[PDB]
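The structure appears below as structure tokens.
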Amino acid sequence: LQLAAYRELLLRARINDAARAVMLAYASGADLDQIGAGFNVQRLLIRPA
Amino acid sequence: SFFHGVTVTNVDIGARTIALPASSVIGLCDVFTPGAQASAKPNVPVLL
Amino acid sequence: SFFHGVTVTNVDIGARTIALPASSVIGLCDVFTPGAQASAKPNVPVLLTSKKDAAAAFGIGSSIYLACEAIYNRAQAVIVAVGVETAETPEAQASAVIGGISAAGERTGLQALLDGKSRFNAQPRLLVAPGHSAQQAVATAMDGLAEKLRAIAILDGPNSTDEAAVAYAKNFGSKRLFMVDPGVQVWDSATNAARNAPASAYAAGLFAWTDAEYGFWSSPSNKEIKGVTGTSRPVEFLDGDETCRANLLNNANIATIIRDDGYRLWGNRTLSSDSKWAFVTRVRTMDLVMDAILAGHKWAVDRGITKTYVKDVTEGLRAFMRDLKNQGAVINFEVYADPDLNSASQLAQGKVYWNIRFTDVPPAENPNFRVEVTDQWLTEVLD
Amino acid sequence: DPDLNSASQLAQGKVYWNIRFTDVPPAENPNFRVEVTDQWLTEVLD
Amino acid sequence: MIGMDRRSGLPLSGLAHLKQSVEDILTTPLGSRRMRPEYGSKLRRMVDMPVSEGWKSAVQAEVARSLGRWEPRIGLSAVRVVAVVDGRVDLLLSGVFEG
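Printed below as a string of structure tokens:
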């Protein structure tokens with residue numbers, strides 16, 4: 051019962067991490083890349099690669 | 002292997018008890034008249 | 002390095018416990034008519050634990066339901082009933098109770114009681130074939146069957162006179178046979194009159210009641226039979242005469258029903274030629290402690306003879322006999338490892354011997370009193 | 339071994355040790371002998 | 001109390017349930033349980049510590065601690081170091097039986 055309460059809690063945290071990744075006030079990392087690519091917005095380049 | 006398992010044996014080596022044959026049975030033989038009231042036959046033993 | 006870590010072993014050197022195999026399973030085999038109301042095939046055993054189950058399996062009015070009625074009116078026990086079908090001649094009825102084996106390789110009559118342990122985990126301790134045990138063919142096939150089960154087969158002699166009952170009991174001589182001769186005359190609820198019962202299932206209602214109320218070490222030889230209301234060819238035992246009619250039957254190893262209509266079973270002498278095994282108490286407690294040890298020591302068949310093995314079988318064996326001593330089953334016991342039979346050559350073959358010597362509590366079949374007047378206290382009246 | 343350790347066996351390098359022991363035999367037949375003795379039948383007196 | 005056996009799933013209450021709880025505790029480390037970092041024993045951390053008279057004072061404590069915390073139905077009798085063979089330390093643990 052401590053796997054069924056921990057592995058379920060990991061699935062509850064994946065849903066909360068995925069629901070934040072499609073909201074503008076909470077997404078970060080490579081998840082604002084998918085919101086930015088839909089609206090033709092790209093991240094700038096200060097110094098080159 | 003003579004026997005693989007559990008044996009439980011009764012060895013039966015105790016002393017026994019001896020009882021007396023009651024000492025008081027009376028053998029009788031006398032004449033009578035066989036008929037309807039007499040429920041016996043004139044030569045067989047009858048336990049009384 | 003053998004092992005690098007933490008090892009937690011279990012040495013497992015505790016003395017186990019020994020249980021008794023319930024001592025009261027009744028093996029029954031009598032006629033029944035198969036049909037729509039009888040839910041039992043005419044040769045297979047049927048486990049019975051209530052009077053409602055006996056009528057739902059063999060039907061009301063069968064000769065085996067009337068035997069289950071005699072047991073459940075007095076006691077409350079487990080019946081392994083077989084049930085056979087009615088033959089045309091009464092001689093062929095005795096061939097069906099004995100049975101033997103079938104063409105499919107299965108046991109048929111009384112032999113199906115050997116399947117009572119492998120099918121229901123209840124070995125029958127009371128072998129009862131009511132009505133058919135008066136025939137010598139059935140009673141001598143139930144005698145050889147009672148040694149295969151270590152059971153006490155309760156015979157019943159013919160309802161003829163006492164000369165024909167003594168001459169019937171002179172054929173058996175084996176310590177696992179208990180003969181109850183005078184026939185019970187019981188009241189029939191259907192015809193509203195008194196019918197004659199074989200008085201063998203009523204004795205099984207006493208061996209199963211006294212084990213659940215007084216213990217298996219207590220003989221049923223003074224206990225009431227509640228259902229009866231008569232006795233065909235009634236026996237005589239008046240007060241204390243050693244020459245009564247019932248006492249000449251108990252002298253010949255035949256149990257009787259003494260009192261007015263036989264509301265007391267009378268007799269604790271089994272049909273044994275050896276006076277050691279004469280009492281049914283000593284036969285029943287012996288076959289109960291020889292099967293509790295046999296079915297209770299199957300954990301020690303390849304344990305390995307160490308010093309903590311022989312000591313933890315003996316201490317587990319004294320604890321079984323000490324739970325029988327304060328219970329009242331034995332007087333005193335002596336359990337020890339055999340010093341002579343545990344030689345170096347017997348132990349090298351895997352044989353190890355234990356001796357269990359005990360004393361059964363005998364039944365007080367004759368409390369003798371010795372009353373006397375004296376003059377020793379005649380000088381007491383002086384001051 | 340006091341016998342096989344001779345002067346000439348030890349001069350070749352041979353030196354002998356005896357390890358005698360008994361194994362634990364499996365109790366393949368635990369026998370029980372039950373006996374109904376009337377020895378304690380005289381104990382019921384008081 | 002009625003529990004299940006570890007292997008084979010059988011419901012056993014008295015004998016092996018008291019044994020599958022104690023024999024597990026001596027070899028289960030701390031933090032191996034999920035969200036329960038205080039269950040287990042320090043006996044896995046007592047490996048390769050030097051066998052001194054202060055080391056037996058710790059093992060007889062950690063047996064009395066880790067069974068005193070999470071197994072109240074076992075009364076510990078004696079944890080005696082009986083043999084040091086080849087670095088292997090033989091600790092005898094005779095426990096009473098309850099229920």
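Just so you know, the sequences run in chain order A, B, C, D and E.
Per full-length UniProt numbering, residue 51 is the first one in the first sequence, and the count goes up by one each step.
Per full-length UniProt numbering, residue 2 is the first one in the second sequence, and the count goes up by one each step.
Per full-length UniProt numbering, residue 2 is the first one in the third sequence, and the count goes up by one each step.
Per full-length UniProt numbering, residue 339 is the first one in the fourth sequence, and the count goes up by one each step.
Per full-length UniProt numbering, residue 1 is the first one in the fifth sequence, and the count goes up by one each step.
Built from N, CA and C at the ideal position, the CB exists for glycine as well.
Mind listing the chain F neighbours of residue i? Cutoff is C-beta to C-beta under 9 Å, in chain order.
i	result
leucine 53 (chain A)	Although the question refers to chain F, the structure presented lacks it and instead comprises the protein chains A, B, C, D and E.
Which value, in whole angstroms, describes the spacing of the CA atoms of residue i and residue j?
i	j	result
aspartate 157 (chain C)	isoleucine 19 (chain C)	35 Å
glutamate 70 (chain C)	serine 25 (chain B)	43 Å
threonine 211 (chain C)	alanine 205 (chain C)	10 Å
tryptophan 55 (chain E)	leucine 21 (chain C)	49 Å
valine 353 (chain D)	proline 368 (chain D)	43 Å
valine 45 (chain B)	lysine 149 (chain C)	42 Å
residue 394 (chain C)	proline 363 (chain C)	Past the boundaries of the shown model lies residue 394 (chain C); chain C is included only from 2 to 384, so the question cannot be answered.
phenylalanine 4 (chain B)	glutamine 350 (chain C)	10 Å
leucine 29 (chain B)	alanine 140 (chain C)	36 Å
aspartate 242 (chain C)	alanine 55 (chain C)	43 Å
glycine 84 (chain C)	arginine 17 (chain B)	40 Å
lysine 19 (chain E)	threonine 8 (chain C)	14 Å
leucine 92 (chain E)	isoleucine 2 (chain E)	28 Å
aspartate 288 (chain C)	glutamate 373 (chain D)	11 Å
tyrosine 215 (chain C)	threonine 286 (chain C)	13 Å
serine 222 (chain C)	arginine 304 (chain C)	44 Å
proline 340 (chain D)	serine 346 (chain C)	28 Å
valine 311 (chain C)	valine 98 (chain C)	46 Å
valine 79 (chain C)	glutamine 38 (chain B)	51 Å
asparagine 254 (chain C)	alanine 279 (chain C)	8 Å
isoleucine 25 (chain E)	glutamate 38 (chain E)	12 Å
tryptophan 378 (chain C)	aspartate 384 (chain D)	24 Å
Using a Cβ cut-off of 8 Å (strictly closer), state whether residue i contacts chain C.
i	result
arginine 44 (chain E)	yes
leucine 383 (chain D)	no
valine 7 (chain B)	yes
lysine 56 (chain E)	no
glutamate 23 (chain E)	yes
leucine 26 (chain E)	yes
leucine 48 (chain B)	yes
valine 63 (chain E)	no
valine 84 (chain E)	no
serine 25 (chain B)	yes
Applying the 10 Å Cβ sphere with the 16-neighbour rule, what's the burial state of residue i?
i	result
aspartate 275 (chain C)	exposed
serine 161 (chain C)	exposed
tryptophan 218 (chain C)	buried
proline 131 (chain C)	buried
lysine 42 (chain B)	exposed
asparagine 193 (chain C)	exposed
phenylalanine 97 (chain E)	exposed
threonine 257 (chain C)	buried
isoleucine 357 (chain D)	exposed
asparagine 66 (chain A)	exposed
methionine 180 (chain C)	buried
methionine 4 (chain E)	exposed
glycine 40 (chain E)	buried
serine 2 (chain C)	exposed
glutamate 58 (chain A)	exposed
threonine 282 (chain C)	buried
Does the beta carbon of residue i come closer than 8 Å to any beta carbon on chain D?
i	result
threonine 10 (chain B)	yes
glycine 28 (chain B)	no
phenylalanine 33 (chain B)	no
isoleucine 19 (chain B)	no
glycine 15 (chain B)	yes
Can you find a C-beta in chain B that's less than 8 Å from the C-beta of residue i?
i	result
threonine 244 (chain C)	yes
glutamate 237 (chain C)	no
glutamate 164 (chain C)	yes
So with Cβ pairs under 8 Å, would you call residue i a contact of chain E?
i	result
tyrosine 76 (chain A)	no
Could you check if residue i belongs to the surroundings of the ligand GDP, using beta carbon to heavy atom distance under 7 Å?
i	result
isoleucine 27 (chain C)	In the structure on display, the ligand GDP does not appear, and there are no ligands present to speak of.
Q: With 7 Å as the C-beta to C-beta threshold (strictly closer), list the residues of the UniProt domain "Tail sheath protein C-terminal" (273–375) of chain C near chain B in chain order.
A: Here the close residues are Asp275, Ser276, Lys277, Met287, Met291, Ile294, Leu295, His298, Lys299, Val302.
Q: Jot down the residue ranges of each uninterrupted beta strand (DSSP E) in the region 35–87 of chain C, minimum 3 residues, whole runs only, in chain order.
A: Annotation: the region 35–87 of chain C contains the following complete segments of the beta strand (DSSP E) (minimum length 3 residues), in chain order: 47–49, 80–82.
(Q) Ignoring anything shorter than 3 residues, give me the beta strand (DSSP E) runs that lie fully in the region 184–222 of chain C, in order along the chain. (A) 185–189, 194–198, all fully within the region 184–222 of chain C.
Q.
Ignoring anything shorter than 4 residues, give me the alpha helix (DSSP H) runs that lie fully in the region 50–92 of chain E, in order along the chain.
A. Every alpha helix (DSSP H) stretch that sits fully inside the region 50–92 of chain E and reaches 4 residues is listed by chain position as 53–70.
(Q) As an exercise, report each continuous beta strand (DSSP E) stretch of at least 3 residues that is fully enclosed by the region 84–138 of chain C, in chain order. (A) As far as the region 84–138 of chain C is concerned, its whole beta strand (DSSP E) runs of at least 3 residues are 127–129.
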